[PDB]
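**Student:**
4 protein chains.
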Amino acid sequence: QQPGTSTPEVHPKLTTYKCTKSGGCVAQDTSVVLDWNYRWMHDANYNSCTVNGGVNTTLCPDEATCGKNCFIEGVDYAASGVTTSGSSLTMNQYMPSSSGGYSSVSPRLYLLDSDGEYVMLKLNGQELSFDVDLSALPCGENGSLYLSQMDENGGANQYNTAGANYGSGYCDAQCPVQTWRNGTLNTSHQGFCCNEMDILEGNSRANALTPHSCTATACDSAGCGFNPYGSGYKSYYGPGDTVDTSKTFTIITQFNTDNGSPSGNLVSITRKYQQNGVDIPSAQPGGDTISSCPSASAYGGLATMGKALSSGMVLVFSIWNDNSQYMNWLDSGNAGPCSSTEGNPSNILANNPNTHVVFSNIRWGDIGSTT
Amino acid sequence: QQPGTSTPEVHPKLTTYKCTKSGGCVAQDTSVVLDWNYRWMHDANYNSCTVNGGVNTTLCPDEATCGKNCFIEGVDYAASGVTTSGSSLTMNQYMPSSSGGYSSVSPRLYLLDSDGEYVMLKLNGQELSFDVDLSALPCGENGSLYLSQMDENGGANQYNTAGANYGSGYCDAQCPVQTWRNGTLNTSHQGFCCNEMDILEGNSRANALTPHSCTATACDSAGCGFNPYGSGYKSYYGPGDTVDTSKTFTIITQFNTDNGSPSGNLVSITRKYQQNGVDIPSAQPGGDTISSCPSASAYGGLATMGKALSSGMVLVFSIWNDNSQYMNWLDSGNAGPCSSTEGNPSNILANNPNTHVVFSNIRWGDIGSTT
Amino acid sequence: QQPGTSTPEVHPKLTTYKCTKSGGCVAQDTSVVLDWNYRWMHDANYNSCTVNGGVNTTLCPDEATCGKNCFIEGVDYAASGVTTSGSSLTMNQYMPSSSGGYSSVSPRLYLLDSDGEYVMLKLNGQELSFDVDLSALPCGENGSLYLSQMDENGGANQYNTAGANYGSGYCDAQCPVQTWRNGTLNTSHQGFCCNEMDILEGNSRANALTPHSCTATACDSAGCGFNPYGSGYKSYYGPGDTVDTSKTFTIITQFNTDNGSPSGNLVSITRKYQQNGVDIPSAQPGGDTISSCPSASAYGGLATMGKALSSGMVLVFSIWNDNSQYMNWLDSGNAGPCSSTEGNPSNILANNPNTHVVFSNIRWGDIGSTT
Amino acid sequence: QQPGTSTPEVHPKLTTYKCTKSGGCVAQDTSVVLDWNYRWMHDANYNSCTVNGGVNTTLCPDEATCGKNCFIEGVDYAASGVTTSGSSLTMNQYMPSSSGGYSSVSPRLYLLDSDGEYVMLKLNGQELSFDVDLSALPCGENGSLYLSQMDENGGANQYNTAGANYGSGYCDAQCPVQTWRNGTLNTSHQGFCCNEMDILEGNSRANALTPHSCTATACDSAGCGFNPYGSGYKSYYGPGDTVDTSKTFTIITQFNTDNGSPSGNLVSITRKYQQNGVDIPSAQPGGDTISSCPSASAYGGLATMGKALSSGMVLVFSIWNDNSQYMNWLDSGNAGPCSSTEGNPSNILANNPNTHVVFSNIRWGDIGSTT
Ligand SMILES: *[C@@H]1O[C@H](CO)[C@@H](O)[C@H](O)[C@H]1NC(C)=O
Ligand SMILES: *[C@@H]1O[C@H](CO)[C@@H](O)[C@H](O)[C@H]1NC(C)=O
Ligand SMILES: *[C@@H]1O[C@H](CO)[C@@H](O)[C@H](O)[C@H]1NC(C)=O
Ligand SMILES: *[C@@H]1O[C@H](CO)[C@@H](O)[C@H](O)[C@H]1NC(C)=O
Ligand SMILES: *[C@@H]1O[C@H](CO)[C@@H](O)[C@H](O)[C@H]1NC(C)=O
Ligand SMILES: *[C@@H]1O[C@H](CO)[C@@H](O)[C@H](O)[C@H]1NC(C)=O
Ligand SMILES: *[C@@H]1O[C@H](CO)[C@@H](O)[C@H](O)[C@H]1NC(C)=O
Ligand SMILES: *[C@@H]1O[C@H](CO)[C@@H](O)[C@H](O)[C@H]1NC(C)=O
């Protein structure tokens, strides 16, 4: 697959920053990209190269062929519930349709850099900070801001000229088997494991910080995550609570090393919220931090994550609903006020089709410098 | 892929029955098969045709090639934690190893018939009954007995001569994308949706009856299931409770039609347990039945399921643990006494590597005839 | 003695079958019972009615008295090394104890029928078939499956209301003098002779088919049995041999009449093994059969046995070790590879306390129909 | 039961001796008695008190009754194949009959003393010596000379006035349940365990020295016996061999203590044969002795036996054939030249109905003094 011509890819500009303890914060000429899978792809004669997410065997038998055969076109971000305003990103879960009422558009964005390659965030011994407006996201919705260890140029090769410009080469701790594994038509039917740091993953009812360490072969699927509600702080993060989701708040995640510097060794992942200028106090005394990561032991607990954060990671924006378990693992039962049923997407579409996440002012750098 | 020669496939015999209201129950010359994926596969020179679950591109580029190239060998069921004794099946979650301690063998069996093709259970307007010993399965384990609408001969074609004799062609409501989709090397990378009736799915702490209706294109992932605990009957099914998992009990599922006969139209799925000869009373008054199936609406709620049960379905034995969500959806939170952590497989392996399910006396037929 | 109340008698269910050449095999609602002697018996005040296997003279002076005085309680089959799974019976020779290590529990079971009376097998001119796993039984152990001509209701009278529900009225060719002879306190001190057909009697090292004919007064103690090893076939039945005890095999015994039908006259007892689906060839050419029965002459050789098999016989499951002659008569010397000492129970307990027999899929009926 | 009147009991005189190292051997006015069970017993009106070895319930309901009701008569020793000539006892296995040919008379004698009570042999730290003529006893016959720890007056009580004069109160390591247990009608149906020293037990083909230690409750059924043939000396004891059974030989058994005197502690049982005046050499180097008695451990190995030999034991003469196992345990297989079949009593009766044992010159006393 190579760049198409019917619809040009014009990346929605999003301004991010890199703060240094001394030289403040610098504006970055970044932007967002829609994940490869959401695009239109076809041969010169316009027959589709895809078939229900899979490929057209005739046009896509091996790799060298689609490479020379198919073209993946750009998208209409607006129509995809993706919009930007300076240093602000707004993602919708649904969009009105010509046909019926609302169709579930579920964007998955990547922070692209000016050179046409994913911004390589190196957060080891540093901090990433942003503003969120989860007010819209109700029970069942999943707003998401996480780092994945993807190839900076979306694994673009001789047969994939699209690359990061078209969101090629996704991956996460779940080790997904994909039609296009790392920029190549996965002809070996293998999964794709890569480190995944899940900074924000939640809605207006609850949230969760979850680190996933990895081997070349596998990952820590169930992460050693932190959820105030799950940890018995049922009245900290929520509508009108300590953090108060009803309004905008700031999420500050610091990756602490043993030598206290980016030079090496991850030791803890410190979370600190702050709303209305004033710093919000921790849920658990001493600080909301992820020190020991039991689950990750079998994959080089923490050690590997930090090495991954050093090598550099891609930023991933996403909002989605669970048609299978209604995201109960995130906001229901013992980890959220939501009821087992309340998260049903159909019910979300019914009572709040206007749900959207609004990420704003994304800036990473030295600890304390991003503020 | 075709039948191998290094290890012959000798199916573990399991005696099932077909009861008629008048002529009692008849012994069936059935047996169990291990799912295609657990087997060894290679070319004539012994290079493997698989690569981490995927395929060897060189030996497996298209379909006609593996067909003529690879051979899938049989397995050592005992070594796979699968054993049978007359009308009794015993499945282990782990097995001791030459190398380390225990390796997680997770069998997935299919009821094979004497002719070398899956037993086509036609449960519409009838009943399937069996005995279970969930005593071993603790928090996190998932004992499983469900019907899937698979091709009776595992989609065996000109390139797949193995077929049902080697557990070819699996599928379920989850619509899994597989390396071998319906007996053919999935060269189009498409999922495989098929109706899935989940009769038993649980451990010694909780359980769940869940029907999944389907379209040719999709299925009802989140089923309109029933879980006594979830439905607010926290002291009905459990160790020392009304049903009492600590001992063996009987699970009787009846598929009721409107004309009261196999002739047509599914209307409700009635569940009735009985232990120690005496019939156990319902959890909810009037009978533990699945009448309305809300979720399934978008796929021909109930209607489709019954038509599927009429066409005939394959029986699937399985026991597995969740490395990602610790099966919390089944036995934790609001649907089980188990704690969020308690289901971790590593913790299962630690405190009870001997977990096993023992399905016994499987007999299906007219209502009341199987007893 | 009458039914007790402290421990209720709940029979372990075991599924057997009755096959007809035309109508296949039908499931039977049978079960197993523990022999009268293994039970607890006491008066209303809880003083025991037994004294080292004998009786308490004061509570048990005649018959009318114990009848009205003593109650025999039920047992904990599990604790007695007796367990069933559908159509499968597993009997242990020892069980761990609260006190010391292992205590020698030696079950003796009877196939009980739904009506509360022993299943009356009528094997004349027919066949009984089953599956055995002698792998556990080493030198010295005696796995056993034999028919005894006992009273269908364990000789239950006005003073014995327990009957077959409590394994009353045992007997065999050995003509044992018992404390309870045919349901009555043997106040005349007489033995109890009854026909005894010994189908399986052996371990993993050797075995023996032995018919015992009887008069009202006596029996053919030394039977005209058949033992491949004894008959000079030292490499037919054993670990890794033709029959191969290390794995499960099938034992098929056919009682051939002169008119070829159940109508009458026993002529020969044909034995035929089959393992792994394939039929195993005979040890001696022409067929492993018991034609002439020299010993039985003085008791109506064969003739009487057949008449006995016609009247109906009770099935007896049993596993035991010989503290006196180490079962040498069965597996040592000229009738087995075992050494004179090797069968010592103490030595069995030491090197293999886990010995157990697993009888499975018991079905009797027309010749060839049980398969 | 009390002494009868129809047939008076006249004991066949047998001269034994007591040798002292200094004062030579003294003649004893001993005699032999036939075991209680071989006698005729009836009430005053002549109805029998026995029924096939058991008792007549009406005449024998309790103990006080038979005591006052039944009379056990004496016997015709000659007719019982029992004859004595000075210091010589001759016992036949069969006797010609008025009716058919030969009836199997199988005497069991006890050495009675002048006072009307069993001779209490105290063999601890001493020696018993005798002459045997096993020439007649062929394969299958069992000549026997053993000590049993019976009550000197056959347990004679208020209801049994017969006592030792009529061979009352037998017992052995086999712990036999008897109609008359220790002189009383066994109304409790209990066995009778007592120490049993088996000095000679064999025929013209092989033999066996076997000690049985006992608890009050049980005994060492399988004794820690010695059989030259079994111990791999197939050409020592037999027709024309080292010992040469074809002619008369002497059996000398010495019970060695640690203090070397009757004062205490059994340590070993030394066997030494001598024929034709010359002393026969041992089978195994160092001496044919029973040092360690493994089996007897659970019953106070050796220790108990010696204490028993000190308390005093009754002498038992006996010759019998095995209708069940043809005495194979004694002279066939790995413990004798005899074939499995060769020991059949019917075959004995056929080819040698004249078998008889001839015990002669029985003398016990200090070691070496009996010669
Ligand atoms: C697949 O490709 C062939 C040939 O280009 C075309 O005829 C067919 O319509 C395509 N399938 C789809 C779903 O576009
Ligand atoms: C993805 O493909 C690019 C192509 O060069 C490669 O550099 C990168 O290492 C690949 N990633 C993995 C995990 O194979
Ligand atoms: C794949 O096949 C090629 C050629 O048969 C072979 O060289 C290679 O080792 C195979 N790969 C694996 C993992 O077996
Ligand atoms: C699976 O393949 C067989 C091959 O003939 C076919 O009959 C069956 O319909 C296929 N199933 C699906 C869902 O395509
Ligand atoms: C026998 O019965 C009597 C009276 O019931 C009682 O005192 C005695 O303890 C019993 N004996 C045993 C061993 O239970
Ligand atoms: C056992 O007792 C029952 C009681 O009626 C009787 O029918 C049966 O014949 C008896 N058996 C013998 C051998 O006496
Ligand atoms: C038992 O005793 C009764 C009464 O004395 C008598 O009628 C009966 O014949 C006796 N039985 C035998 C076998 O002698
Ligand atoms: C046998 O009975 C007599 C009667 O007094 C007694 O002295 C002796 O101890 C009894 N033996 C046993 C073992 O009870």
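Residue numbers (the numbering used here), protein chains in the order written: chain A, 1 to 371; chain B, 372 to 742; chain C, 743 to 1113; chain D, 1114 to 1484.
Where a beta carbon is used, it is the ideal one built from N, C-alpha and C, also for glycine.
#1: Cβ of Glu815 (chain C) within 8 Å of Cβ of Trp782 (chain C)?
#2: If we count the other Cβ atoms within 10 Å of its Cβ and call it buried at 16 or more, is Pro665 (chain B) buried or exposed?
#3: Tell me the DSSP secondary structure of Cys1307 (chain D) in three-state form.
#4: Name, please, each residue of chain C whose Cβ falls closer than 7 Å to the Cβ of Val614 (chain B).
#5: Roughly how many angstroms separate the alpha carbons of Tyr517 (chain B) and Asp241 (chain A), rounded to a whole number?
#6: Below 7 Å, is the gap between the Cβ of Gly54 (chain A) and the nearest heavy atom of ligand 4?
#7: Give, in chain order, every unbroken run of the beta strand (DSSP E) that is at least 3 residues long and sits entirely within the stretch 574-628 of chain B.
#8: Would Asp1142 (chain D) and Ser1227 (chain D) qualify as a contact pair, given that the criterion is a beta-carbon distance under 8 Å?
#9: Rounded to whole angstroms, what's the CA-CA distance from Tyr600 (chain B) to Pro633 (chain B)? Just pull it up for me.
#10: My assumption, with CB atoms under 8 Å, is that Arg1476 (chain D) sits in contact with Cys1132 (chain D). Please give the rounded CB distance.
#11: Rounded to whole angstroms, what is the Cα-Cα separation between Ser459 (chain B) and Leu1008 (chain C)?
#12: When you compare the CB positions of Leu701 (chain B) and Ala579 (chain B), do they come within less than 8 Å of one another, or not?
#13: For a test of the three-state rule: what should DSSP assign to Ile348 (chain A), helix, strand or coil?
#14: Residues of the stretch 320-334 of chain A in Cβ contact with chain B at a cutoff of 9 Å, in chain order, please.
#15: Note the first and the last residue of the continuous beta strand (DSSP E) segment covering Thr1012 (chain C).
#16: Taking just the CA atoms, how far does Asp76 (chain A) sit from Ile661 (chain B)?
#17: Hey, could you find the ends of the alpha helix (DSSP H) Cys396 (chain B) is sitting in?
#18: Quickly, what does DSSP pair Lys18 (chain A) with across the bridge? List them, please.
#19: Give me every residue whose Cβ sits closer than 5 Å to any heavy atom of ligand 8, in chain order.
#20: Any heavy atom of ligand 2 closer than 7 Å to the Cβ of residue 380 (chain A)?
#21: Taking DSSP's pairing of strands, which residues face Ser846 (chain C) in a bridge?
#22: Considering only residues of the same chain and omitting the five flanking positions on each side of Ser235 (chain A), which have a CB-CB separation below 6 Å?
#23: Taking the alpha helix (DSSP H) that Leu460 (chain B) belongs to, which residues open and close that run?
#24: Out of curiosity, what's the CA-to-CA distance linking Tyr979 (chain C) and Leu1224 (chain D)?
#25: Rounded to whole angstroms, what is the Cα-Cα separation between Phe688 (chain B) and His413 (chain B)?
#26: Taking the Cβ atom as the reference point for each residue, do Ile1090 (chain C) and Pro880 (chain C) lie within a distance shorter than 8 Å?
#27: Hey, how far is the Cα of residue 371 (chain B) from the Cα of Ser324 (chain A)?
#28: Give the DSSP-derived three-state secondary structure of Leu134 (chain A) in the structure shown.
#29: Using C-beta distances below 8 Å, list every residue in its chain close to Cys193 (chain A), excluding the 5 sequence neighbours before and after it, in chain order.
#30: Going along chain B in order, which residues have a C-beta closer than 7 Å to the C-beta of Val55 (chain A)?
#31: Please decide whether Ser48 (chain A) counts as near chain B, where near means a Cβ-Cβ distance under 8 Å.
#32: When you compare the CB of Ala283 (chain A) with every CB in chain B, is at least one pair closer than 8 Å?
#33: Is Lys1235 (chain D) helix, strand or coil by DSSP?
#34: Please list, in chain order, the chain A residues whose beta carbon lies closer than 8 Å to that of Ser662 (chain B).
#35: Compare the C-beta of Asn636 (chain B) against all C-beta atoms of chain A and say whether one is closer than 8 Å.
#36: Is the stretch 529-538 of chain B touching the stretch 154-167 of chain A, taking contact as three or more C-beta pairs under 8 Å?
**Tutor:** The short version:
#1: yes
#2: exposed
#3: coil
#4: Result: empty, since nearest Cβ-Cβ is about 17 Å, beyond 7 Å.
#5: 44 Å
#6: No.
#7: 581-583 and 620-628
#8: yes
#9: 32 Å
#10: 5 Å
#11: Going by C-alpha positions, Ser459 (chain B) is about 35 Å away from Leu1008 (chain C).
#12: Yes, Cβ-Cβ distance for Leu701 (chain B) and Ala579 (chain B) is below 8 Å.
#13: helix
#14: Those residues of the stretch 320-334 of chain A that come within reach of chain B (Cβ to Cβ, closer than 9 Å) are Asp322, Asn323, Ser324, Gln325, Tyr326, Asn328, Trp329, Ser332, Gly333 and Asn334.
#15: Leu1008 to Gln1017
#16: 44 Å
#17: Per DSSP, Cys396 (chain B) belongs to no alpha helix (DSSP H); it is in the beta strand (DSSP E), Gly395 to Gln399.
#18: A:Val26 and A:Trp364.
#19: D:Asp1264, D:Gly1268 and D:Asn1295
#20: Chain A is shown only over 1 to 371; residue 380 (chain A) falls outside these bounds and no answer can be derived.
#21: Paired residues: none, contrary to the question.
#22: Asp241
#23: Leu460 (chain B) -> not in any alpha helix (DSSP H); beta strand (DSSP E) instead, spanning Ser459 to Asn463.
#24: Here the alpha carbon of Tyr979 (chain C) sits roughly 50 Å from the alpha carbon of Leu1224 (chain D).
#25: Here the C-alpha atom of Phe688 (chain B) lies approximately 27 Å from the C-alpha atom of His413 (chain B).
#26: yes
#27: Chain B is shown only over 372 to 742; residue 371 (chain B) falls outside these bounds and no answer can be derived.
#28: coil
#29: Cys171, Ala173, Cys175, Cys214, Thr215, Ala216, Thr217, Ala218 and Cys219
#30: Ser559 and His560
#31: By the rule that beta-carbons nearer than 8 Å mark a contact, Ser48 (chain A) does not touch chain B.
#32: no
#33: coil
#34: Result: empty, since nearest Cβ-Cβ is about 17 Å, beyond 8 Å.
#35: Put simply, the CB of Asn636 (chain B) is far from chain A, with every gap to its CB atoms at 8 Å or more.
#36: no
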